[PDB]
Amino acid sequence: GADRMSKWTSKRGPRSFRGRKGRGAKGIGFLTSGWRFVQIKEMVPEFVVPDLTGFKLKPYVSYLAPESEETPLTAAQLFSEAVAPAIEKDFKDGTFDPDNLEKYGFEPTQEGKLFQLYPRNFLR
Amino acid sequence: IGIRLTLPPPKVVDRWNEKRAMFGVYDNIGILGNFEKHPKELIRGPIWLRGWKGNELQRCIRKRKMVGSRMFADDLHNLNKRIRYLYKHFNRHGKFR
Amino acid sequence: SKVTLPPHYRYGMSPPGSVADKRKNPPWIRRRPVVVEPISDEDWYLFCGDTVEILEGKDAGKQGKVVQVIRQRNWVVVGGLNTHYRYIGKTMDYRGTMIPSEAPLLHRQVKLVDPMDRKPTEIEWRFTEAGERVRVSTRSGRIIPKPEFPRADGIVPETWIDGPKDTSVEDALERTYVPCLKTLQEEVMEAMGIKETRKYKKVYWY
Amino acid sequence: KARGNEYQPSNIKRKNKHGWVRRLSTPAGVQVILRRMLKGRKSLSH
Amino acid sequence: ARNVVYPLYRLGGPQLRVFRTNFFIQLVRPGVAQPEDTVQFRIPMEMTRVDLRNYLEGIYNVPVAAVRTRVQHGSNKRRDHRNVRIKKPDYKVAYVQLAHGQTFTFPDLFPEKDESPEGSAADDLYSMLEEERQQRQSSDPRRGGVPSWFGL
Amino acid sequence: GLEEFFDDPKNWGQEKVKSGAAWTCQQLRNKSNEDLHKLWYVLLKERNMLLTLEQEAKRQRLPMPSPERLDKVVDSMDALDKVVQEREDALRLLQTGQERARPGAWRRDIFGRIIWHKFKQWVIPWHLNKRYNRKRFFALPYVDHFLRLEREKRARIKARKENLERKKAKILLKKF
Amino acid sequence: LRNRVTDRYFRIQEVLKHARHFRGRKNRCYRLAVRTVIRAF
Amino acid sequence: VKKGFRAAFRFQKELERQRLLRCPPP
RNA sequence: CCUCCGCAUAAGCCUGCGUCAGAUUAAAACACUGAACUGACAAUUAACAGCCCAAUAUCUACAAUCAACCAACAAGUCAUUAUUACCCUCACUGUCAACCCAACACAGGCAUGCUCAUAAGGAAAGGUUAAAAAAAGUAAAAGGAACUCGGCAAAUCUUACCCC
RNA sequence: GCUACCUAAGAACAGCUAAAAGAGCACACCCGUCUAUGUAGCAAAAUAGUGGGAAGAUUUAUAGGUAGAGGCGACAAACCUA
RNA sequence: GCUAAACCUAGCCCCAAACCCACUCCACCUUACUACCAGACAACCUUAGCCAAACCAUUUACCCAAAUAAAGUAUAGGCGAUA
Ligand SMILES: [Mg+2]
Ligand SMILES: [Mg+2]
Ligand SMILES: [Mg+2]
Ligand SMILES: [Mg+2]
Ligand SMILES: [Mg+2]
Ligand SMILES: [Mg+2]
Ligand SMILES: [Mg+2]
Ligand SMILES: [Mg+2]
Ligand SMILES: [Mg+2]
Ligand SMILES: [Mg+2]
Ligand SMILES: [Mg+2]
Ligand SMILES: [Mg+2]
Ligand SMILES: [Mg+2]
Ligand SMILES: [Mg+2]
Ligand SMILES: [Mg+2]
Ligand SMILES: [Mg+2]
Ligand SMILES: [Mg+2]
């Protein structure tokens with residue numbers, strides 16, 4: 001009979017089965033009437049590579065460096081080191097108003113911008 | 001060949017165990033405890049046979065009666081089939097009828 | 001580096017990843033497990049590098065330094081004391097080079113030694129009120145120190161020089177992070193000056 | 001004549017006859033898959 | 001990137017950008033003879049020709065003229081001691097052709113070694129073994145088996 | 001250039017490359033996001049060169065000079081990814097009060113099990129999505145007996161495990 | 001297997017020691033040795 | 001294995017007797 | 001010396017006689033080292049083939065058979081227009097083998113194209129002897145179905161009659 | 001996925017005589033009359049020869065349909081995975 | 001003296017107690033393990049028979065309240081097997 005245990009891949013079926021299965025690559029366009037493949041430039045992941053000419057940070061570390069107690073970053077710590085000083089200053093000055101938290105870094109809805117956080121618009 | 005070629009390891013038995021030394025204690029508790037407790041209530045074991053001897057068919061019937069509602073499905077199917085078979089055997093087959 | 005051993009695997013004086021250990025215990029092997037005393041991580045006193053005293057064996061009463069600790073079988077290998085002799089260079093026409101080789105010892109077979117009088121002594125783990133946690137002798141009551149041993153890194157930190165691919169301590173510890181409510185994507189976009197003006201639009205998640 | 005070659009393989013027929021979708025398309029096939037899962041089979045279908 | 005969810009592109013939407021890519025490639029020595037401008041890579045399954053071209057020209061600044069790809073099927077023939085088939089992973093290989101007339105020959109990495117530094121952990125025991133071997137190979141057929149140890 | 005897929009030509013066939021100290025999660029948290037990005041690409045190039053060297057050593061049938069370099073790089077990039085993910089998770093919790101940046105739902109599939117179904121960002125609404133409306137997220141309770149059977153199988157395995165633990169403890173105490 | 005037979009060898013030898021001087025397979029094989037020893041006795 | 005000690009002791013005695021028969025001491 | 005083969009595609013199968021090492025062992029129906037193998041390494045690169053198409057109405061009587069005369073019946077295998085919408089492009093997958101279905105390295109089964117004996121592809125004899133019986137052939141005096149249930153088989157080419 | 005029948009959309013049929021053809025000889029191809037071998041066989045139905053058909057009620061690849069108190073059957077109590 | 005022989009411990013069984021499980025990332029109802037498109041169909045239903053009645057034709061314990069006892073009693077039933 002047929003091999004039940006081997007993983008079903010793109011090499012195994014008839015001619016129609018081949019070419020439909022794929023290997024996990026993500027599509028970058030569509031097929032038109034003449035079987036012509038239209039590529040979309042925006043559907044192709046553009047690699048964001050920085051400049052490394054003046055970058056003094058090697059892929060290893062020196063052994064002479066000293067250890068430190070680990071402390072995973074939390075939302076509370078980020079708030080304390082991000083918004084707490086400014087809001088403390090503008091509350092001590094008496095200008096803090098609870099209604100408009102926007103000028104402290106908060107935003108009501110996440111639809112308006114490009115890199116929205118909860119649905120994770122971006123890639124990586 | 002069937003016999004072991006060596007002597008089995010010597011099995012020491014502690015006759016003055018806690019359990020062996022205290023075996024039988026608090027028996028006769030009804031006789032000399034003003035019958036507040038029965039010796040059958042010192043028995044530990046299955047819920048369907050504590051203070052009860054019974055046959056094998058009787059044991060199966062009693063187990064299905066007392067604990068057969070919280071049994072596993074395959075175990076209860078096995079019990080039902082065993083009760084059926086035992087009924088047939090003890091009621092239709094054998095000498096002495 | 002990450003190899004899982006069978007549930008009943010014998011630890012046999014060779015590392016699990018060694019060729020000799022692979023030869024001795026192939027994946028097809030099944031044999032009766034050795035049952036060892038259960039000792040927690042907070043009462044194992046003898047560490048790799050201290051001097052112990054052998055209570056009994058072929059040599060009883062001689063002092064020695066432990067060279068390897070196998071916690072999976074309660075084993076401490078004493079340096080060149082509880083030894084038997086074997087050949088290492090083996091050919092079909094000449095074999096020689098008989099060497100002494102140590103055999104493992106259980107932890108009741110050895111006892112710890114304190115540097116004052118060089119005598120066997122029992123150790124109790126008394127929690128010091130200064131914060132650290134060390135061993136204490138019973139009969140006399142001294143602080144037996146944790147011995148200094150080379151680490152598993154195979155390095156000495158004092159005679160260490162930075163390589164061409166090792167980042168120095170100063171620029172490895174220099175803090176360049178300023179906490180902010182912006183993601184890595186926004187920060188790199190603005191730092192590298194990538195301008196995106198068209199907006200992402202509503203998508204149906206289900 | 002000779003009658004050992006009753007199997008004439010074809011992936012289309014195999015996947016159409018004993019595939020996952022064909023199993024799940026009927027309550028009886030769903031119970032077939034459930035029986036396979038209960039027994040611990042490595043392959044629940046073709 | 002791999003093992004990640006791609007944002008769904010809608011017409012007129014922004015450019016899909018990856019900032020910390022998840023693709024790692026190997027520069028492999030060809031097993032057959034190839035043109036001088038052909039460089040052979042071993043790339044993950046999810047990588048495409050456009051992905052590899054952009055990878056090469058963005059990370060290594062390598063000018064690329066052509067990319068072709070294929071999938072090599074790993075063998076599923078080896079049996080375990082339990083008669084269970086062991087599967088060598090299928091992989092993807094890419095043939096890239098350089099752009100502006102550049103050529104590439106795979107380097108010879110391993111030759112040549114010449115070192116004679118002092119050693120104690122292993123070289124001392126090697127001196128052990130060598131000296132014992134050079135001193136203890138003095139057998140004599142004229143003796144017929146009598147041990148050549150006693151002075152008498 | 002293509003020479004970045006290999007190390008310094010002086011190290012070719014030298015049997016040892018004395019370097020270590022993979023990046024620590026704390027040390028990476030100490031850095032900023034642009035530095036993290038640049039260091040990620042540095043580590044990426046180093047990892048690519050190490051993978052190339054490992055494959056070439058396998059082909060030549062020679063041991064890899066210092067294989068622990070690959071492990072150090074791999075765990076350093078893992079720590080960097082951890083740091084970036086931690087910052088992102090904190091920011092998402094702060095702004096929307098959510099974890100699991102991939103939306104989903106606890107559902108109950110055709111076999112009666114409880115699964116966490118992750119969403120799939122379609123372009124048309126689900127009520128006219130034809131393929132989606134063919135998946136069945138409900139029981140049809142001819143599966144309840146199978147659910148009970150699986151539960152009983154799990155109970156049997158757990159009981160065997162506990163009993164074996166008891167027996168092993170008894171043997172250990174019997175000797176010691 | 002509660003209390004299976006352990007000393008079957010000694011019973012086999014009890015029968016077989018009276019067959020040692022026989023000829024064929026009946027001096028070693030119990031199934032034939034027992035019959036021939038019964039006839040001999 | 002078969003649980004027990006009597007058959008094992010009997011067989012050990014038989015083996016000792018056979019060894020004595022095969023290699024009688026002076 | 002044989003070739004009634006072969007080379008491709010489809011389908012099927014899924015690394016299954018490529019290299020190196022072990023060949024002390026192990027399958028080779030024996031062996032050298034390679035089809036009844038162990039480990040490592042290496043390869044099948046698209047133009048061929050798969051993977052297609054924006055709607056709403058509307059159009060579509062006249063076979064094929066060299067399609068020309070003629071001739072038919074069983075009556076047939078191929079077509080648009082009108083208006084709106086639309087200016088980005090060459091991705092992904094198959095590509096190996098002495099191979100599949102028959103428990104086998106099985107005298108069996110297996111679609112299409114191409115030359116129909118080849119430019120493909122192959123080897124009936126491990127060595128010897130020259131008994132019987134057996135199998136497959138070849139030749140046979142005189143006779144020519146006398147054989148046998150029956151001209152079965154073989155060799156020659158064959159007339160007439162009957163039943164269904 | 002064998003086989004019985006059907007549905008969709010395909011393919012094949014040299015040469016000669018062509019009477020015009022469910023015509024004749026005759027390949028490929030389909031079938032299996034008779035003989036011999038084989039009978040734990042090459043083969044759980046084969047081989048060699050000899051035969052019936054071979055432009056049709058033909059053969060055949062692919063996908064689909066009908067299922068057991070049933071299906072399908074140019075009724076053999078046929079076939080529906082030896 | 002070859003082939004062999006021998007061995008304890010992996011685990012399991014029956015109880016008791018206690019109500020038990022399941023998202024690292026990615027993929028998976030289409031030809032499952034497939035990133036990405038316009039008919040929205042949908043489940044709810046008295047088991048039967050073997051067997052016993054020495055054939056069989058009405059009938060023939062098996063269902064989910066701790067025990068025990070009433071009691072194999074009242075009753076049912078080709079008034080019979082049995083219930
Ligand atoms: Mg080819
Ligand atoms: Mg066969
Ligand atoms: Mg040739
Ligand atoms: Mg030959
Ligand atoms: Mg001959
Ligand atoms: Mg011969
Ligand atoms: Mg003649
Ligand atoms: Mg006659
Ligand atoms: Mg006659
Ligand atoms: Mg004839
Ligand atoms: Mg005709
Ligand atoms: Mg004809
Ligand atoms: Mg008739
Ligand atoms: Mg009839
Ligand atoms: Mg009856
Ligand atoms: Mg009867
Ligand atoms: Mg009858």
Side-chain angles (χ1 to χ4, degrees), chain A residues 3 6 8 10-29 31-41, chain B residues 1 3-6 44-47 52 64 66 68-69 80 83-84 87-88 92, chain C residues 8 30 32-33, chain D residues 1-17 19-21 24-25 27 45, chain E residues 2-6 8-9 31-32 48-50 68-73 75-77 93-95, chain F residues 58-59 61 100 104 110 113-116 118 120-124 127-131 133-136 140-141 151 154-155 158 160 164, chain H residues 1:
Chain A
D3 206 318
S6 35
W8 183 249
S10 173
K11 312 185 175 282
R12 285 200 48 182
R15 230 158 35 152
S16 21
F17 281 21
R18 275 100 55 91
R20 218 179 249 134
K21 173 63 193 180
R23 279 284 177 155
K26 299 233 178 331
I28 62 167
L31 275 206
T32 326
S33 81
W35 269 296
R36 179 190 49 112
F37 177 86
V38 182
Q39 191 177 280
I40 279 69
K41 176 54 217 143
Chain B
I1 303 154
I3 296 110
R4 39 187 307 141
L5 303 194
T6 36
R44 333 265 317 290
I47 204 54
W52 188 86
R64 165 169 100 187
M66 314 204 33
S69 66
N80 287 348
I83 283 176
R84 224 168 285 135
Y87 174 98
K88 269 182 305 150
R92 284 105 168 260
Chain C
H8 290 299
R30 309 171 72 237
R32 307 168 188 104
Chain D
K1 328 222 174 190
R3 294 224 34 213
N5 57 333
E6 265 77 57
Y7 183 50
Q8 303 300 327
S10 95
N11 282 263
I12 288 175
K13 280 188 176 293
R14 182 177 62 94
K15 292 287 222 168
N16 273 352
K17 284 165 184 315
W20 183 258
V21 178
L24 302 209
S25 94
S45 58
Chain E
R2 65 183 295 280
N3 280 323
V4 301
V5 162
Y6 276 15
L8 177 76
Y9 167 77
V32 297
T48 74
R49 299 177 196 206
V50 202
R68 289 176 310 276
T69 55
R70 66 174 183 89
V71 170
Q72 188 50 76
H73 160 274
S75 167
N76 196 46
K77 199 184 190 186
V93 302
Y95 310 87
Chain F
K58 265 165 119 214
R59 173 142 176 189
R61 282 112 82 72
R100 295 189 303 276
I110 189 165
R113 319 177 290 201
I114 295 283
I115 63 186
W116 169 258
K118 309 177 199 179
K120 219 189 171 182
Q121 49 176 12
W122 309 75
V123 94
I124 61 169
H127 66 270
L128 44 88
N129 202 305
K130 183 206 331 291
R131 204 176 99 224
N133 294 142
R134 271 193 317 244
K135 219 190 286 186
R136 301 151 269 201
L140 232 49
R151 197 219 169 137
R154 259 182 285 115
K158 200 211 175 32
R160 284 192 244 107
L164 198 87
Chain H
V1 291

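In what follows, every chain begins at residue 1, and chains take the letters A, B, ... in the order their sequences are listed. Atoms considered below: every heavy atom in the structure, side chains included; atoms not considered: hydrogens, waters and symmetry mates.
- The neighbouring residues I/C70 and I/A71 form a stacked base step, their six-membered rings being less than 5.5 angstrom apart at the centres and less than 30 degrees apart in plane orientation.
- Because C1'-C2'-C3'-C4' is positive for J/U66, its sugar is assigned to the north class.
- To the nearest angstrom, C1' of K/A61 lies 8 Å from CZ of B/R64.
- Scanning residues 3-15 of chain D for heavy-atom distances under 4.0 Å to RNA chain J yields D/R3, D/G4, D/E6, D/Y7, D/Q8, D/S10, D/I12, D/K13, D/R14.
- In terms of phosphate contacts, C/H8 brings a side-chain nitrogen or oxygen within less than 4.0 Å of OP1 or OP2 of K/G11.
- Comparing I/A43, K/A32, I/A91 by their nearest atom to the side chain of D/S45 picks out K/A32.
- The phosphate of I/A11 has OP1 or OP2 within less than 4.0 Å of a side-chain N or O from A/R18.
- The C1'-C2'-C3'-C4' dihedral of K/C29 is negative. Its furanose therefore counts as south.
- Rounded to a whole Å, the NZ atom of A/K21 is 25 Å from the P atom of I/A49.
- Taking OG of A/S6 as the start and NZ of A/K11 as the end, the distance is 13.5 Å to the nearest 0.5 Å.
- I/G113 and I/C7 make up a base pair, with Watson-Crick or G-U wobble contacts both under 3.5 Å.
- Looking at heavy-atom distances under 4.0 Å, B/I3 makes contact with sugar-phosphate atoms alone, never a base.
- At the phosphate of K/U30, neither OP1 nor OP2 sits under 4.0 Å from any side-chain N or O atom of D/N16.
- Contact between the side-chain N/O atoms of F/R131 and the OP1/OP2 oxygens of K/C37 is found at a separation under 4.0 Å.
- Judged by distance alone, with hydrogens and angles left aside, the side-chain atoms of A/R18 form a donor-acceptor pair with the main-chain N or O of A/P14 at under 3.5 Å.
- Nucleotides I/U33 and I/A28 are base-paired: the Watson-Crick or wobble atom pairs both lie closer than 3.5 Å.
- Annotated as syn: K/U46, whose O4'-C1'-N torsion sits within 90° of 0.
- Residue F/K120 has a polar side-chain atom (N or O) positioned under 4.0 Å from OP1 or OP2 of K/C28.
- The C1'-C2'-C3'-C4' torsion of I/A82 is positive. Its sugar is therefore classed as north.
- Look at K/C36: it lacks any Watson-Crick or wobble partner with both distances under 3.5 angstrom.
- The structure places CG of D/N11 at 6.5 Å from CZ of A/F17, a figure rounded to the nearest 0.5 Å.
- Taking a pair to require two hydrogen-bonding distances under 3.5 Å in either a Watson-Crick or a G-U wobble arrangement, I/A54 pairs with I/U84.
- At a threshold of 4.5 Å between non-hydrogen side-chain atoms, the residues B/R92 and B/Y87 count as touching.
- One can find a donor-acceptor pair under 3.5 Å joining the base of K/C20 and the side-chain atoms of F/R151.
- For F/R61, taking side-chain heavy atoms from C-beta onward, the closest of the listed nucleotides I/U89, I/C20, K/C63 is I/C20.
- With a cut-off of 3.5 Å on both Watson-Crick or G-U wobble distances, the partner of I/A136 is given as none.
- With a 5.5 Å centre cut-off and a 30° plane cut-off, the bases of J/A74 and J/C75 come out unstacked.
- Because its glycosidic torsion is more than 90° from 0, I/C41 is reported here as anti.
- When each of K/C23, I/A11, I/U44 is scored by its nearest atom to the side-chain atoms of E/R70, the top-ranked nucleotide is I/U44.
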field: From CA spacing to verdict: side-chain contact (heavy atoms from CB on, under 4.5 Å), E/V5, F/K118
entry: CA-CA 11 Å; E/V5 162; F/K118 309 177 199 179; over 6 Å; no
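- The NZ atom of A/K26 sits 10 Å away from the P atom of K/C36 (whole-angstrom rounding).
- Side-chain atoms of A/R36 stay outside donor-acceptor range of the base of I/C90, with no qualifying N/O pair under 3.5 Å.
- No Watson-Crick or G-U wobble pair links I/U159 with I/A119 with both defining distances under 3.5 Å.
- Atom NZ of residue F/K120 and atom CG of residue F/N129 lie 9.0 Å apart, to the nearest 0.5 angstrom.
- I/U156 shows a glycosidic angle more than 90° from 0 and is accordingly assigned anti.
- F/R160 places its CZ atom 17 Å from the P atom of K/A10, with the value rounded to the nearest Å.
- Closest to the D/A2 side chain, of the nucleotides K/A38, K/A83, J/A45, is J/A45.
- I/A49 and I/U93 make a Watson-Crick or G-U wobble pair, with both donor-acceptor distances under 3.5 Å.
- Rounded to a whole Å, the CD1 atom of A/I28 is 11 Å from the P atom of I/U93.
- For the residue pair E/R70 and E/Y95, the shortest heavy atom distance occurs at NE-OH, 2.7 Å.
- Between I/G94 and I/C48, both key atom distances fall under 3.5 Å, giving a Watson-Crick or G-U wobble pair.
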Give each protein N/O atom lying under 3.5 Å from an N/O atom of nucleotides 15-18 of chain I, with the pair distance.
from	atom 1	to	atom 2	distance (Å)
I/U15	OP2	E/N76	N	2.9
I/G16	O5'	E/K77	NZ	3.3
I/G16	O4'	E/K77	NZ	2.9

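- Using the sign of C1'-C2'-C3'-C4' as the criterion, I/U77 is classed as a north pucker.
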Could you go over nucleotides 42-45 of chain K and give all protein N or O partners under 3.5 Å, atom names and distances?
none

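- I/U45 makes up no base pair with any nucleotide shown, lacking Watson-Crick or G-U wobble contacts both under 3.5 Å.
- Whole-Å rounding puts the E/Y9 OH to I/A91 P distance at 19 Å.
- In this structure, E/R68 atom CZ and I/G94 atom P are separated by 16 Å, rounded to whole Å.
- Pair assignment for I/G22: I/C37, on the basis of Watson-Crick or G-U wobble contacts that are both within less than 3.5 Å.
- The side chain of A/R23 places no N or O atom within less than 4.0 Å of a non-bridging phosphate oxygen (OP1 or OP2) of I/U93.
- Nucleotide K/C14 forms a pair with no other nucleotide shown, judged by Watson-Crick or G-U wobble geometry with both contacts under 3.5 Å.
- Look at E/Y6 and you won't find any side-chain N or O under 4.0 angstrom from OP1 or OP2 of K/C25.
- Pucker check on K/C36: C1'-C2'-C3'-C4' positive, sugar north.
- Taking ring-centre separation below 5.5 Å and interplanar angle below 30 degrees as the test, the adjacent bases I/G143 and I/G144 pass.
- One finds the CD1 atom of F/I110 at 3.5 Å from the CZ atom of F/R136 (value rounded to the nearest 0.5 Å).
- Using a cut-off of 5.5 Å between ring centres and 30° between planes, the six-membered base rings of J/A69 and J/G70 fail to qualify as stacked.
- Atom pair F/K158:NZ and K/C13:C1' shows a separation of 19 Å (rounding to whole Å applied).
- Here A/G19 lies in heavy-atom contact (under 4.0 Å) with a base.
- Phosphate proximity of K/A22 to F/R154: absent, as no side-chain N or O sits under 4.0 Å from OP1 or OP2.
- At a threshold of 4.0 angstrom between heavy atoms, the contacts of E/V93 with the nucleic acid are absent.
- Across all strands shown, J/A8 pairs with J/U62; the Watson-Crick or G-U wobble distances both stay below 3.5 Å.
- Judged by the 6.0 Å and 45° rule, F/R131 forms no cation-pi pair with F/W122.
- Between D/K17 and J/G1, a side-chain N or O to OP1/OP2 separation shorter than 4.0 Å is present.
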